[PDB]
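Pasted below: upload_31.cif, mmCIF, N, CA and C atoms.
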data_data
loop_
_atom_site.label_atom_id
_atom_site.label_comp_id
_atom_site.auth_asym_id
_atom_site.auth_seq_id
_atom_site.Cartn_x
_atom_site.Cartn_y
_atom_site.Cartn_z
N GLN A 1 11.44 -58.36 35.27
CA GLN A 1 10.51 -58.89 34.33
C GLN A 1 9.97 -57.81 33.37
N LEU A 2 9.87 -56.57 33.84
CA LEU A 2 9.28 -55.44 33.14
C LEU A 2 10.19 -54.21 32.97
N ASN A 3 11.43 -54.37 32.54
CA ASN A 3 12.35 -53.24 32.40
C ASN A 3 11.95 -52.29 31.27
N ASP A 4 11.00 -52.76 30.47
CA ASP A 4 10.42 -52.03 29.38
C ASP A 4 8.94 -51.64 29.59
N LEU A 5 8.47 -51.58 30.86
CA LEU A 5 7.09 -51.14 31.18
C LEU A 5 6.80 -49.71 30.82
N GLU A 6 7.77 -48.89 31.05
CA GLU A 6 7.75 -47.48 30.82
C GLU A 6 7.85 -47.22 29.33
N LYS A 7 7.88 -45.95 28.94
CA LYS A 7 7.97 -45.50 27.55
C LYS A 7 6.60 -45.37 26.91
N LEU A 8 5.81 -46.41 26.95
CA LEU A 8 4.56 -46.39 26.18
C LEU A 8 3.57 -45.32 26.63
N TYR A 9 3.65 -44.96 27.89
CA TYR A 9 2.74 -43.99 28.42
C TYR A 9 3.12 -42.61 27.95
N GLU A 10 4.41 -42.41 27.76
CA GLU A 10 4.88 -41.13 27.38
C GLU A 10 4.83 -41.04 25.91
N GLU A 11 4.98 -42.15 25.23
CA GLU A 11 4.98 -42.07 23.80
C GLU A 11 3.68 -41.51 23.30
N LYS A 12 2.56 -41.89 23.90
CA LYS A 12 1.33 -41.30 23.41
C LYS A 12 1.24 -39.81 23.75
N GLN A 13 1.68 -39.41 24.94
CA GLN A 13 1.61 -38.01 25.28
C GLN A 13 2.61 -37.12 24.56
N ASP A 14 3.79 -37.65 24.35
CA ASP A 14 4.86 -36.92 23.74
C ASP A 14 4.59 -36.81 22.27
N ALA A 15 4.13 -37.90 21.64
CA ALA A 15 3.87 -37.83 20.22
C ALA A 15 2.85 -36.76 19.98
N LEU A 16 1.90 -36.67 20.89
CA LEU A 16 0.89 -35.68 20.80
C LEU A 16 1.45 -34.28 20.92
N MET A 17 2.28 -34.03 21.93
CA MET A 17 2.81 -32.68 22.05
C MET A 17 3.66 -32.29 20.88
N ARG A 18 4.50 -33.19 20.39
CA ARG A 18 5.36 -32.81 19.30
C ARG A 18 4.52 -32.51 18.06
N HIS A 19 3.48 -33.30 17.84
CA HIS A 19 2.59 -33.06 16.73
C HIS A 19 1.96 -31.70 16.86
N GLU A 20 1.46 -31.38 18.04
CA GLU A 20 0.80 -30.13 18.30
C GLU A 20 1.75 -28.96 18.11
N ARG A 21 3.01 -29.11 18.50
CA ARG A 21 3.93 -28.01 18.27
C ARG A 21 3.92 -27.72 16.79
N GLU A 22 4.00 -28.77 15.98
CA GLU A 22 3.94 -28.54 14.57
C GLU A 22 2.56 -28.05 14.14
N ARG A 23 1.47 -28.51 14.75
CA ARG A 23 0.14 -28.05 14.33
C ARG A 23 0.08 -26.53 14.34
N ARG A 24 0.65 -25.93 15.38
CA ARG A 24 0.70 -24.49 15.50
C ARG A 24 1.59 -23.89 14.40
N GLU A 25 2.71 -24.53 14.11
CA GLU A 25 3.58 -24.03 13.05
C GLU A 25 2.86 -24.12 11.68
N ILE A 26 2.11 -25.19 11.50
CA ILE A 26 1.38 -25.50 10.29
C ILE A 26 0.31 -24.49 9.98
N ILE A 27 -0.47 -24.11 10.97
CA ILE A 27 -1.47 -23.14 10.64
C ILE A 27 -0.78 -21.83 10.24
N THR A 28 0.38 -21.53 10.81
CA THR A 28 1.07 -20.34 10.37
C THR A 28 1.45 -20.48 8.89
N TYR A 29 1.93 -21.67 8.47
CA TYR A 29 2.38 -21.84 7.08
C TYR A 29 1.33 -21.39 6.12
N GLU A 30 0.09 -21.75 6.36
CA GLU A 30 -0.93 -21.31 5.44
C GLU A 30 -1.90 -20.27 5.96
N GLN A 31 -2.40 -20.35 7.17
CA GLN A 31 -3.38 -19.34 7.55
C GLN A 31 -2.74 -18.00 7.72
N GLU A 32 -1.63 -17.96 8.43
CA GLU A 32 -1.03 -16.65 8.64
C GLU A 32 -0.41 -16.14 7.37
N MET A 33 0.26 -17.02 6.66
CA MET A 33 0.88 -16.63 5.41
C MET A 33 -0.10 -16.26 4.33
N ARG A 34 -1.26 -16.92 4.26
CA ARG A 34 -2.23 -16.52 3.27
C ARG A 34 -2.87 -15.27 3.76
N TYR A 35 -3.01 -15.09 5.06
CA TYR A 35 -3.54 -13.85 5.53
C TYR A 35 -2.54 -12.77 5.06
N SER A 36 -1.25 -13.02 5.18
CA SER A 36 -0.28 -12.06 4.68
C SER A 36 -0.51 -11.88 3.18
N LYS A 37 -0.74 -12.97 2.44
CA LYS A 37 -1.02 -12.80 1.03
C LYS A 37 -2.31 -11.98 0.87
N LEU A 38 -3.29 -12.08 1.78
CA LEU A 38 -4.51 -11.28 1.74
C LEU A 38 -4.12 -9.85 1.71
N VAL A 39 -3.11 -9.50 2.47
CA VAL A 39 -2.67 -8.15 2.48
C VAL A 39 -2.25 -7.81 1.07
N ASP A 40 -1.60 -8.74 0.37
CA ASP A 40 -1.24 -8.47 -1.02
C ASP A 40 -2.54 -8.31 -1.80
N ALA A 41 -3.53 -9.14 -1.54
CA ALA A 41 -4.77 -9.01 -2.29
C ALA A 41 -5.36 -7.63 -2.09
N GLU A 42 -5.22 -7.10 -0.89
CA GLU A 42 -5.67 -5.77 -0.58
C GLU A 42 -4.77 -4.72 -1.21
N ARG A 43 -3.46 -4.99 -1.26
CA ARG A 43 -2.46 -4.13 -1.85
C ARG A 43 -2.68 -3.97 -3.32
N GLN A 44 -3.02 -5.08 -3.96
CA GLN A 44 -3.29 -5.27 -5.38
C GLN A 44 -4.57 -4.58 -5.89
N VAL A 45 -5.00 -3.64 -5.05
CA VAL A 45 -5.66 -2.49 -5.63
C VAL A 45 -4.67 -1.63 -6.38
N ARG A 46 -3.38 -1.88 -6.17
CA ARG A 46 -2.31 -1.15 -6.79
C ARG A 46 -2.54 -1.03 -8.26
N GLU A 47 -2.92 -2.11 -8.91
CA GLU A 47 -3.15 -2.05 -10.33
C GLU A 47 -4.28 -1.07 -10.64
N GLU A 48 -5.33 -1.00 -9.81
CA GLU A 48 -6.43 -0.09 -10.08
C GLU A 48 -5.96 1.31 -9.92
N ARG A 49 -5.21 1.54 -8.87
CA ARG A 49 -4.73 2.85 -8.53
C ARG A 49 -3.73 3.31 -9.56
N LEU A 50 -3.00 2.37 -10.11
CA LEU A 50 -2.08 2.65 -11.17
C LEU A 50 -2.88 2.94 -12.45
N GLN B 1 -1.04 -1.53 9.85
CA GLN B 1 -0.70 -0.34 9.17
C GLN B 1 -0.59 -0.60 7.72
N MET B 2 -0.75 -1.83 7.29
CA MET B 2 -0.75 -1.99 5.88
C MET B 2 -2.00 -1.33 5.36
N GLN B 3 -3.06 -1.28 6.18
CA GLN B 3 -4.30 -0.69 5.73
C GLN B 3 -4.23 0.79 5.86
N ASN B 4 -3.55 1.24 6.89
CA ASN B 4 -3.43 2.66 7.06
C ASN B 4 -2.45 3.20 6.04
N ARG B 5 -1.46 2.38 5.64
CA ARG B 5 -0.56 2.81 4.60
C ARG B 5 -1.37 2.89 3.34
N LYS B 6 -2.22 1.90 3.07
CA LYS B 6 -3.01 1.96 1.86
C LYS B 6 -3.81 3.26 1.83
N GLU B 7 -4.37 3.66 2.97
CA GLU B 7 -5.13 4.89 3.00
C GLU B 7 -4.25 6.11 2.79
N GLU B 8 -3.09 6.17 3.42
CA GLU B 8 -2.29 7.36 3.23
C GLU B 8 -1.74 7.41 1.83
N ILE B 9 -1.45 6.25 1.25
CA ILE B 9 -0.91 6.18 -0.08
C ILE B 9 -1.93 6.63 -1.08
N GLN B 10 -3.19 6.20 -0.99
CA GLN B 10 -4.07 6.71 -2.04
C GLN B 10 -4.26 8.19 -1.89
N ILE B 11 -4.22 8.66 -0.67
CA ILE B 11 -4.34 10.06 -0.44
C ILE B 11 -3.13 10.80 -0.98
N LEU B 12 -1.95 10.29 -0.73
CA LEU B 12 -0.78 10.95 -1.22
C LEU B 12 -0.65 10.96 -2.68
N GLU B 13 -0.88 9.84 -3.29
CA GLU B 13 -0.60 9.80 -4.67
C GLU B 13 -1.60 10.64 -5.44
N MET B 14 -2.86 10.71 -5.00
CA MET B 14 -3.74 11.58 -5.76
C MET B 14 -3.34 13.03 -5.58
N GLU B 15 -2.85 13.39 -4.40
CA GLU B 15 -2.46 14.76 -4.18
C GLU B 15 -1.25 15.10 -4.97
N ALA B 16 -0.35 14.14 -5.12
CA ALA B 16 0.89 14.33 -5.84
C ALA B 16 0.62 14.78 -7.26
N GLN B 17 -0.55 14.43 -7.79
CA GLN B 17 -0.92 14.78 -9.13
C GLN B 17 -1.00 16.29 -9.23
N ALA B 18 -1.32 16.97 -8.14
CA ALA B 18 -1.42 18.40 -8.16
C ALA B 18 -0.09 19.01 -8.55
N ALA B 19 1.03 18.42 -8.14
CA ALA B 19 2.29 19.03 -8.51
C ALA B 19 2.61 18.66 -9.93
N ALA B 20 2.25 17.43 -10.29
CA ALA B 20 2.52 16.93 -11.61
C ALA B 20 1.78 17.75 -12.65
N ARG B 21 0.58 18.20 -12.31
CA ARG B 21 -0.20 18.97 -13.25
C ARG B 21 0.06 20.45 -13.13
N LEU B 22 0.28 20.98 -11.92
CA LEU B 22 0.40 22.41 -11.84
C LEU B 22 1.68 22.93 -12.37
N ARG B 23 2.71 22.10 -12.52
CA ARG B 23 3.92 22.65 -13.11
C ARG B 23 3.62 23.18 -14.53
N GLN B 24 2.54 22.70 -15.18
CA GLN B 24 2.16 23.23 -16.48
C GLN B 24 0.87 24.08 -16.38
N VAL B 25 0.01 23.77 -15.42
CA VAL B 25 -1.24 24.50 -15.27
C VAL B 25 -1.04 25.86 -14.64
N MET B 26 -0.19 25.95 -13.63
CA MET B 26 0.05 27.22 -12.99
C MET B 26 0.72 28.11 -14.00
N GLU B 27 1.56 27.48 -14.83
CA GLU B 27 2.27 28.16 -15.88
C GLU B 27 1.24 28.78 -16.80
N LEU B 28 0.19 28.03 -17.15
CA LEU B 28 -0.85 28.60 -17.99
C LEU B 28 -1.53 29.79 -17.38
N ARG B 29 -1.89 29.71 -16.12
CA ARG B 29 -2.61 30.84 -15.57
C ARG B 29 -1.77 32.08 -15.69
N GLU B 30 -0.48 31.96 -15.38
CA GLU B 30 0.38 33.09 -15.51
C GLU B 30 0.50 33.52 -16.98
N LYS B 31 0.59 32.58 -17.93
CA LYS B 31 0.66 32.95 -19.35
C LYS B 31 -0.56 33.78 -19.74
N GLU B 32 -1.73 33.40 -19.23
CA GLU B 32 -2.93 34.15 -19.51
C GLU B 32 -2.85 35.54 -18.89
N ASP B 33 -2.28 35.63 -17.69
CA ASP B 33 -2.15 36.91 -17.02
C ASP B 33 -1.20 37.81 -17.76
N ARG B 34 -0.15 37.22 -18.27
CA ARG B 34 0.82 37.93 -19.04
C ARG B 34 0.16 38.46 -20.29
N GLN B 35 -0.54 37.61 -21.04
CA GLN B 35 -1.11 38.11 -22.28
C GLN B 35 -2.06 39.24 -21.99
N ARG B 36 -2.82 39.13 -20.92
CA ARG B 36 -3.75 40.18 -20.60
C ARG B 36 -3.02 41.49 -20.41
N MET B 37 -1.93 41.46 -19.66
CA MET B 37 -1.18 42.67 -19.42
C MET B 37 -0.49 43.19 -20.66
N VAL B 38 -0.03 42.31 -21.52
CA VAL B 38 0.67 42.69 -22.75
C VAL B 38 -0.28 43.36 -23.76
N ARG B 39 -1.47 42.79 -23.91
CA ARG B 39 -2.45 43.33 -24.83
C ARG B 39 -2.83 44.72 -24.41
N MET B 40 -2.80 45.00 -23.11
CA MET B 40 -3.10 46.33 -22.64
C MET B 40 -2.09 47.35 -23.07
N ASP B 41 -0.88 46.86 -23.26
CA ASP B 41 0.07 47.91 -23.30
C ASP B 41 0.08 48.29 -24.75
N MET B 42 -0.20 47.29 -25.58
CA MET B 42 -0.29 47.57 -26.99
C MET B 42 -1.57 48.38 -27.26
N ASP B 43 -2.62 48.21 -26.44
CA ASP B 43 -3.83 49.00 -26.59
C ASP B 43 -3.47 50.43 -26.32
N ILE B 44 -2.62 50.64 -25.32
CA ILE B 44 -2.20 51.98 -24.96
C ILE B 44 -1.41 52.55 -26.10
N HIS B 45 -0.55 51.75 -26.70
CA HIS B 45 0.16 52.26 -27.84
C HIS B 45 -0.85 52.71 -28.90
N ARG B 46 -1.90 51.94 -29.14
CA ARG B 46 -2.89 52.40 -30.10
C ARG B 46 -3.58 53.69 -29.59
N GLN B 47 -3.70 53.85 -28.28
CA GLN B 47 -4.28 55.07 -27.74
C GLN B 47 -3.37 56.26 -28.09
N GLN B 48 -2.05 56.03 -28.24
CA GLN B 48 -1.14 57.11 -28.63
C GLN B 48 -1.57 57.62 -30.00
#

Spell out the structure here as structure tokens.
Amino acid sequence: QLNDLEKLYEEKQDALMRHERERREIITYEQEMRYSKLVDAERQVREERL
Amino acid sequence: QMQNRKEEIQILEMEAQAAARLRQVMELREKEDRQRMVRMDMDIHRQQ
């Protein structure tokens, strides 16, 4: 009667984990990368030094 | 080390100016020393 009972319980947990894996990748896309760009902002004393 | 590079770089590049400038400045000090010695010898000739 219930060969399809399963799945739904994991779908909520799995969707969450997969999302979270990307959440971590996502903050890198901008926070870590802009922090890297911050280094450029710090580097870009270059023009002053030049 | 991007920050430590920034520190060593400003330190290096300002120091580097010393070579850039002394290739003509050190030359001047010696030119002045030379003239001083040369004028003496001509003074001695006038002493003759």

At a cut-off of 8 Å, list the chain B residues touching chain A, using all atoms listed in the file, as a ChimeraX atom specification. /B:2-3,6,10

Every residue of chain A that DSSP places in helix (DSSP H, G or I), as a VMD selection string: chain A and resid 8 to 43 46 to 49

Could you check how far atom CA of residue 16 of chain B sits from atom C of residue 34 of chain B, in Å to one decimal? 28.1 Å

Which centre and edge lengths in Å to one decimal define the box along x, y and z that fits every listed atom of segment 35-38 of chain A plus 6 Å per side, as AutoDock Vina command-line options?
--center_x -2.4 --center_y -12.5 --center_z 3.2 --size_x 16.2 --size_y 17.2 --size_z 16.7

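Picture a line from atom CA of residue 7 of chain B to atom CA of residue 47 of chain A; it runs 15.2 Å.
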
Missing atoms of segment 5-22 of chain B rebuilt to N, CA, C and O atoms, written as a PDB file, in the frame of the given file:
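Everything below was put into part-v8.pdb:
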ATOM      1  N   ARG B   5      -1.460   2.380   5.640  1.00  0.00           N
ATOM      2  CA  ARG B   5      -0.560   2.810   4.600  1.00  0.00           C
ATOM      3  C   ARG B   5      -1.370   2.890   3.340  1.00  0.00           C
ATOM      4  O   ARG B   5      -1.329   3.904   2.664  1.00  0.00           O
ATOM      5  N   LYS B   6      -2.220   1.900   3.070  1.00  0.00           N
ATOM      6  CA  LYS B   6      -3.010   1.960   1.860  1.00  0.00           C
ATOM      7  C   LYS B   6      -3.810   3.260   1.830  1.00  0.00           C
ATOM      8  O   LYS B   6      -3.914   3.895   0.769  1.00  0.00           O
ATOM      9  N   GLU B   7      -4.370   3.660   2.970  1.00  0.00           N
ATOM     10  CA  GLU B   7      -5.130   4.890   3.000  1.00  0.00           C
ATOM     11  C   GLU B   7      -4.250   6.110   2.790  1.00  0.00           C
ATOM     12  O   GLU B   7      -4.565   6.954   1.954  1.00  0.00           O
ATOM     13  N   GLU B   8      -3.090   6.170   3.420  1.00  0.00           N
ATOM     14  CA  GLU B   8      -2.290   7.360   3.230  1.00  0.00           C
ATOM     15  C   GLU B   8      -1.740   7.410   1.830  1.00  0.00           C
ATOM     16  O   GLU B   8      -1.553   8.488   1.287  1.00  0.00           O
ATOM     17  N   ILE B   9      -1.450   6.250   1.250  1.00  0.00           N
ATOM     18  CA  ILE B   9      -0.910   6.180  -0.080  1.00  0.00           C
ATOM     19  C   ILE B   9      -1.930   6.630  -1.080  1.00  0.00           C
ATOM     20  O   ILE B   9      -1.604   7.427  -1.956  1.00  0.00           O
ATOM     21  N   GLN B  10      -3.190   6.200  -0.990  1.00  0.00           N
ATOM     22  CA  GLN B  10      -4.070   6.710  -2.040  1.00  0.00           C
ATOM     23  C   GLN B  10      -4.260   8.190  -1.890  1.00  0.00           C
ATOM     24  O   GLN B  10      -4.273   8.922  -2.886  1.00  0.00           O
ATOM     25  N   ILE B  11      -4.220   8.660  -0.670  1.00  0.00           N
ATOM     26  CA  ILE B  11      -4.340  10.060  -0.440  1.00  0.00           C
ATOM     27  C   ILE B  11      -3.130  10.800  -0.980  1.00  0.00           C
ATOM     28  O   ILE B  11      -3.282  11.816  -1.670  1.00  0.00           O
ATOM     29  N   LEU B  12      -1.950  10.290  -0.730  1.00  0.00           N
ATOM     30  CA  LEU B  12      -0.780  10.950  -1.220  1.00  0.00           C
ATOM     31  C   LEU B  12      -0.650  10.960  -2.680  1.00  0.00           C
ATOM     32  O   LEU B  12      -0.289  11.977  -3.278  1.00  0.00           O
ATOM     33  N   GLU B  13      -0.880   9.840  -3.290  1.00  0.00           N
ATOM     34  CA  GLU B  13      -0.600   9.800  -4.670  1.00  0.00           C
ATOM     35  C   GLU B  13      -1.600  10.640  -5.440  1.00  0.00           C
ATOM     36  O   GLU B  13      -1.242  11.271  -6.433  1.00  0.00           O
ATOM     37  N   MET B  14      -2.860  10.710  -5.000  1.00  0.00           N
ATOM     38  CA  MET B  14      -3.740  11.580  -5.760  1.00  0.00           C
ATOM     39  C   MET B  14      -3.340  13.030  -5.580  1.00  0.00           C
ATOM     40  O   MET B  14      -3.348  13.796  -6.544  1.00  0.00           O
ATOM     41  N   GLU B  15      -2.850  13.390  -4.400  1.00  0.00           N
ATOM     42  CA  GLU B  15      -2.460  14.760  -4.180  1.00  0.00           C
ATOM     43  C   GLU B  15      -1.250  15.100  -4.970  1.00  0.00           C
ATOM     44  O   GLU B  15      -1.118  16.196  -5.506  1.00  0.00           O
ATOM     45  N   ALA B  16      -0.350  14.140  -5.120  1.00  0.00           N
ATOM     46  CA  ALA B  16       0.890  14.330  -5.840  1.00  0.00           C
ATOM     47  C   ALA B  16       0.620  14.780  -7.260  1.00  0.00           C
ATOM     48  O   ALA B  16       1.455  15.465  -7.875  1.00  0.00           O
ATOM     49  N   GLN B  17      -0.550  14.430  -7.790  1.00  0.00           N
ATOM     50  CA  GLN B  17      -0.920  14.780  -9.130  1.00  0.00           C
ATOM     51  C   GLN B  17      -1.000  16.290  -9.230  1.00  0.00           C
ATOM     52  O   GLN B  17      -0.806  16.844 -10.311  1.00  0.00           O
ATOM     53  N   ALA B  18      -1.320  16.970  -8.140  1.00  0.00           N
ATOM     54  CA  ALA B  18      -1.420  18.400  -8.160  1.00  0.00           C
ATOM     55  C   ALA B  18      -0.090  19.010  -8.550  1.00  0.00           C
ATOM     56  O   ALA B  18      -0.057  20.013  -9.244  1.00  0.00           O
ATOM     57  N   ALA B  19       1.030  18.420  -8.140  1.00  0.00           N
ATOM     58  CA  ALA B  19       2.290  19.030  -8.510  1.00  0.00           C
ATOM     59  C   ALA B  19       2.610  18.660  -9.930  1.00  0.00           C
ATOM     60  O   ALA B  19       3.141  19.465 -10.716  1.00  0.00           O
ATOM     61  N   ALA B  20       2.250  17.430 -10.290  1.00  0.00           N
ATOM     62  CA  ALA B  20       2.520  16.930 -11.610  1.00  0.00           C
ATOM     63  C   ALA B  20       1.780  17.750 -12.650  1.00  0.00           C
ATOM     64  O   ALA B  20       2.289  17.961 -13.752  1.00  0.00           O
ATOM     65  N   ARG B  21       0.580  18.200 -12.310  1.00  0.00           N
ATOM     66  CA  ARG B  21      -0.200  18.970 -13.250  1.00  0.00           C
ATOM     67  C   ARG B  21       0.060  20.450 -13.130  1.00  0.00           C
ATOM     68  O   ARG B  21       0.147  21.140 -14.152  1.00  0.00           O
ATOM     69  N   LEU B  22       0.280  20.980 -11.920  1.00  0.00           N
ATOM     70  CA  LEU B  22       0.400  22.410 -11.840  1.00  0.00           C
ATOM     71  C   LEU B  22       1.680  22.930 -12.370  1.00  0.00           C
ATOM     72  O   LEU B  22       1.724  24.082 -12.788  1.00  0.00           O
TER      73      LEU B  22
END
